[PDB]
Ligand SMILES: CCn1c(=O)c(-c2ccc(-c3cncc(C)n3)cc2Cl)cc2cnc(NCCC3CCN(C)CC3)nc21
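Listed next as structure tokens is one chain, alone, in the form deposited without the ligand.
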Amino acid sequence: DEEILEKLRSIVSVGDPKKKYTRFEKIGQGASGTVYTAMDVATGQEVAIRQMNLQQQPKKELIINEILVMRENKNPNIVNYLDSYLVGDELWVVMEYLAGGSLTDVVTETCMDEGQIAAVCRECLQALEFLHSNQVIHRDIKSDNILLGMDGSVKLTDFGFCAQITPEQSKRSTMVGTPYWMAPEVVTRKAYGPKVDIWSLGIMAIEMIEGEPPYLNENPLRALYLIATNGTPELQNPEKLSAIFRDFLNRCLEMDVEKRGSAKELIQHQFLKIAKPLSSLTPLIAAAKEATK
């Protein structure tokens, strides 16, 4: 634990963060830590700050991994990691703040059209292709981890479950993902690769169509069994979708991992070419935000 502290203390910026931030509002208080929105004194930028008491963090290596991965894998489609501070055993992680909530708010409060869905899928695939090319698997892709700007910008977040692979050890076996969004091979085999993120993107697409991932109202243990034994999930109203969207979904949700599209391949898919401008999402984001408070 002392070593963890020393490692963290090499990573963080020096001193106390309060020099820097004005106007803390508490928007969250989980097991993960307490989350504030705040304002950067120098830049005027609005930030989201996570405060953690390290005494009560069970798996601190995960936090170090999260910061190190985020630091070295900056991308326009990933929520920007800005800075970190350590004051005694109080750790602060500073992230950029996106004022448009999450995709979850949008899919549960509004109805996306295919052009809007294509835009979101494209932006997510941009993040995934970058990560995968860098040998990083996110492992917990789902609408809650897709954050939005008021302008329609789409960004991936939460690297607390991510994995770094290598040519020597190119597959992982740990089950860390949220069950409704897990690829079947995670439970059926003891090895999976980057394409688990592609499956999860497909489930997210289903969220955007139907408002929920398949089996949501089943016990998570049961959903995992159902995922593994049913395979590619079935839509309620397939006929209502365009042929090209159905094809895109089939490619994300292929049971055979070798046949499932890779992010690089999917970026070329013609479904993404129907994407509306990202600002088309702004009215949905506003409506969802109002609905949620």
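Sequential numbering from 1, following the sequence displayed.
A second form of this protein, the form solved in complex with the ligand, is not displayed here; the remarks below concern that form.
Colleague: Quick check: superpose the C-alphas round the site, drop in the ligand from its position in the deposited complex, and tell me whether this chain leaves it open or blocked (blocked if 3+ atoms sit within 2.4 Å of backbone or C-beta).
Modeller: Here the site is open.
Colleague: Is residue 157 a contact residue for the ligand in the deposited complex, using a 4.5 Å heavy atom cut-off?
Modeller: Contact with the ligand, yes.
Colleague: At the 4.5 Å heavy atom threshold, is residue 193 in contact with the ligand in the deposited complex?
Modeller: Flag for residue 193 set to no.
Colleague: Answer yes if any heavy atom of residue 93 is within 4.5 Å of a heavy atom of the ligand in the deposited complex; otherwise answer no.
Modeller: Taking the distances in the deposited complex, the answer for residue 93 is yes, it comes within 4.5 Å of the ligand.
Colleague: Residue 182: heavy atom within 4.5 Å of the ligand in the deposited complex?
Modeller: Taking the distances in the deposited complex, the answer for residue 182 is no, it never comes within 4.5 Å of the ligand.
Colleague: Would you say all of 203, 253 and 274 touch the ligand in the deposited complex, counting a heavy atom within 4.5 Å as a touch?
Modeller: Result no, not one residue of the spot touches the ligand.
Colleague: Give me the residue from 198, 120, 147, 107 that has a heavy atom within 4.5 Å of the ligand in the deposited complex.
Modeller: It is 147.
Colleague: Since exactly one of 226, 241, 48, 257 fits, which has a heavy atom within 4.5 Å of the ligand in the deposited complex?
Modeller: It is 48.
Colleague: Which among 98 to 106, 112 to 120, 184 to 192, 218 to 226 is in contact with the ligand in the deposited complex, heavy atoms within 4.5 angstroms?
Modeller: Checking each option against the 4.5 Å cut-off leaves 98 to 106.
Colleague: Could you list the residues in 49 to 73 that come within 4.5 Å of the ligand in the deposited complex, counting only heavy atoms and keeping sequence order?
Modeller: If the 4.5 Å heavy-atom criterion is applied to the ligand in the deposited complex, 49 to 73 yields 49, 50, 52, 63, 66, 67, 70.
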